[PDB]
Structures are given as C-alpha cells and as structure tokens.
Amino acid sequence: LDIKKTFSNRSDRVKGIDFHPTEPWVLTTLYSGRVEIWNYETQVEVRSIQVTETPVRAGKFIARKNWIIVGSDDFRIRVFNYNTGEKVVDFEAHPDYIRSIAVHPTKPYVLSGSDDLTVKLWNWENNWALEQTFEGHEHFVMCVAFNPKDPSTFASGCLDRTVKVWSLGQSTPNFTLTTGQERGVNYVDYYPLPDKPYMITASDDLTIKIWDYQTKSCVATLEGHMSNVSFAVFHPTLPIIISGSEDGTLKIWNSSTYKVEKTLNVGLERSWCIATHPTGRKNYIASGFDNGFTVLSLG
C-alpha cells in the first residue's frame, strides 16, 4: 500500500462522492446544497453549482450523457449538464429523503432509494418518467447497487436489517437476505468478479459482513470499527475492501483473508461516503467527511 495524497479539500460535510470514468474529476455533494466537480490532478475546481439550500445527499456522474444526477433533502432529483451547468430536469422523486442513486450501465435507468421505504426507477429516455416502485422494505432504504455482472438485478440495503435483491420489471424481490445486523444495513456493494457471487454490507452495529448471495451464508464478518460503519466496498482492481466510519477512520482490508491491512485517520472527522475510480486508474479512492474530502492513490 503505497498511498499518495492526491488531493483534499476542506468544506462543509460531503455526503456523496463519485469519480468520472475518463476525465480526472471527482463530484462531491455537500450539506450546504452545493455540488462541486474537482480536477484532482490540477487541484482546481471545474464547476460548482448551488443546487438547493438543503443538503445534497447523493450524486452520480452519468458520463455517457455528460450529466450529473443529484438528490437532495428537499426530496428532489436534479440533473445538470456538467459542461454548461444547464439544469436538464428537476422533479420531486419521493416524499422523504433520497439516500442513494444508482445509474444503470447500459440502459437509461436510474434508481433512487428513499426514507419513504421504496426504490424508484426513472427512465431518462421516457422523459424521466417513474416506471417502477419497488416496495417491500420496512424502513429507510439506505443504499442501492446494480449487480455489475447482471444489471437486470440490483440490491437494496435497508434499516429493516435486510438486503433485497430485485429484478427489473418484477414487483416481488428475488430474495431477501436477513443480515443479523440489528441496527440495520447502511450500505451494500457487489464483488465485481465472476469467481464469487458475493456482496458486502455495513451497519451501525459496528460490523461489515460478506455474503454469498447464492447460498445466503455470511462468508465473513469484519470487526474493528468503533462507531457506525457508513460504507464498505470492494475495490475494482485490488483484492481489498475499503470501509469508513463515524469513528473517523478509513480501513483497508484484505478481501481474501478478511484481515485489516491499514487504518487511516485523514483528519476530517466522521466519514460518510466513498467512491473508487471505476477502472482502477491509480487505484484511486475518495471519501467524503464532516470537514471535506480526500482523494488517495492506493499504490
């Protein structure tokens, strides 16, 4: 782990973060209602937008459309062209907070997960129409993720202590995984490679759990965080897991042995959100915190 501090910035709390797949940019979504796009190589802001006066809780690039899509605590999804700043659409997505946004890799679909207990699917080639509401969870939906190996399916992690895996076009989940994470699931992420049908969940109960979604077994429990675990993800190109917590740390874990490799306190207080460069450029990761964000090259 030959970690380089590529770029960091002090700001209001960073609730969402995302890498652009080809330009040297990260998107951050802030508690102040602003979003920022930063060039982490030149360390210069590309663009920023005052989206709203409420927190912007989730944001993603849609690179093939030159857009960012963001969701905020005023209950709205907004889409902007990141080259001009033009607002492409603005609509009320849910009657409560938007926790998570996922963008389908090949079809014009976005998912939003909400405190309204649902996931909603919006189709940008049908004028951002709502096309499906996935119902069945019994608490706030904290995180949505397409299966990269089969994006006709996706997982939702919920404070009801479950992950539900759904098929587009089907109203009942394919299955529900009961995590035993009694304080709920804050995050879910899929392992990207074909050799293991695995996913990972993070919880306020201080645990991270790896799951085989075919057998439903808990493969491993990663213990060590001392407060709520905000996220845990598999790195796209290195055999590691990255987690972050309200304990203020990031942890890097070996994804073969499930042992901790390094714990970092980057000095920005609580950690809230994570992104990884999608093709492993410089093995970059980025995390948003109470006091700003950092971009690290892991080696």
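From 1 onward, residues are counted along the sequence shown.
The stretch with the higher mean CA B factor, choosing between 1 to 9 and 289 to 297, is 1 to 9.
Of the two segments, 66 to 74 and 253 to 261, the one listed with the higher mean B-factor is 253 to 261 (C-alpha atoms only). Per the PDB record, 182 has a higher Cα B-factor than any other of 189, 115, 182, 131. The residue among 219, 110, 93, 200 whose C-alpha carries the highest B-factor in the deposited model is 219. In the PDB entry, residue 267 places in the middle third of its chain by CA B-factor. For residue 104, the recorded CA B-factor ranks within the lowest third of the chain. Only modelled residues enter the ranking. Ranked by C-alpha B-factor against the other modelled residues of its chain, residue 58 falls in the lowest third.
Sort the modelled residues of the chain by CA B factor and residue 235 lands in the middle third. Annotation for residue 210: C-alpha temperature factor in the highest third relative to the rest of the modelled chain, per the entry.
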